[PDB]
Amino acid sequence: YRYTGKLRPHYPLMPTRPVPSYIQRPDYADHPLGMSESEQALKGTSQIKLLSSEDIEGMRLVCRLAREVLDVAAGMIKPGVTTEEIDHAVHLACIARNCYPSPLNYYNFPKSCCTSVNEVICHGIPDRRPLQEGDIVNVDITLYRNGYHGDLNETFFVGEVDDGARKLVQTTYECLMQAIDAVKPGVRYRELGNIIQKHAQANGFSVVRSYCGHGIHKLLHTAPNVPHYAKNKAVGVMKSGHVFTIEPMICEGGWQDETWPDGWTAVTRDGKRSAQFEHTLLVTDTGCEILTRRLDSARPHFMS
């Protein structure tokens, strides 16, 4: 394998972390290849679930607990801390809230969150690498509670970063919020990519094509598919009671991605940095509820 940048994996990983049996487990948790029977049963559908009031309560709960856990991770971002150490804390924070860490054994994913540094786009595997001053790192939290998943991510700065890093992360957050600000009944899912790419391109950045926002509720991902680039072919129209994520991945260089031999770590093919932010959204009559919002601050952590 030819690495695209400076980052490398830092192995071995610590033994897989157990989740006590009193925590309710998704179906894939105990599948030997981490496949989800419930996902495979709905695989190939484009029907978008309209959530019941029960579903809404379930999504509000798991999304706010997910936020609490991301906030735990945010409080640990400093030079010297390893991404494995963040994952350990995230794992304990999930259990402390009677939640299962959704990534764990998802298609045999080995950890309890995704930690994406610099040229990593998404799905980085927590490992023994200490964060370095100047790094950008995204922590992506997915939790599972009472049958529902919730999903959010932020990119953080590690100590002082360069101006490129500041501009990339700010622009990405702006992309996310502009997209969110357009969500309401009657808008085509395909429109959000036009808004995101417009802002990205205006700032000299590109938009990752191979990963998308997604429906989420009783499945970790389902319809709709929500691409972040312009003139995409996404199917479907927003309606009150839809829940989905928006999670733009923006890049300093070109948009092309490739995957490490681990089968998960997605990286820019050119080795330049990529940043991401993500919320889980519930469409309402007036617009949307941001289920994963920060409750104790108007702003994401990088703005501190």
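In this text, residue numbers run from 1 along the sequence as written.
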Practice problem: Using the B-factors recorded in the PDB entry, average over the C-alpha atoms of 50-58 and of 242-250, then report which stretch comes out higher. | Solution: 50-58
Quiz prompt | Greater mean Cα temperature factor according to the PDB record, 153-161 or 120-128 | solution = 153-161
Quiz item: Between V267, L65, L42, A275, which carries the biggest CA temperature factor in the record?
Solution: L42
Practice problem: Ordered by C-alpha B-factor within the chain, which third holds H217? Give me lowest, middle or highest, please. | Solution: middle
Practice problem: Can you work out whether the C-alpha temperature factor of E174 puts it in the lowest, middle or highest third of the chain? | Solution: middle
Quiz item: Lowest, middle or highest third: where is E133 by Cα B-factor in its chain?
Solution: highest
Quiz item: How does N225 rank on Cα B-factor within its chain, lowest, middle or highest third?
Solution: highest
Exercise. Could you say whether, by C-alpha temperature factor, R209 belongs to the lowest, middle or highest third of its chain?
Key: middle
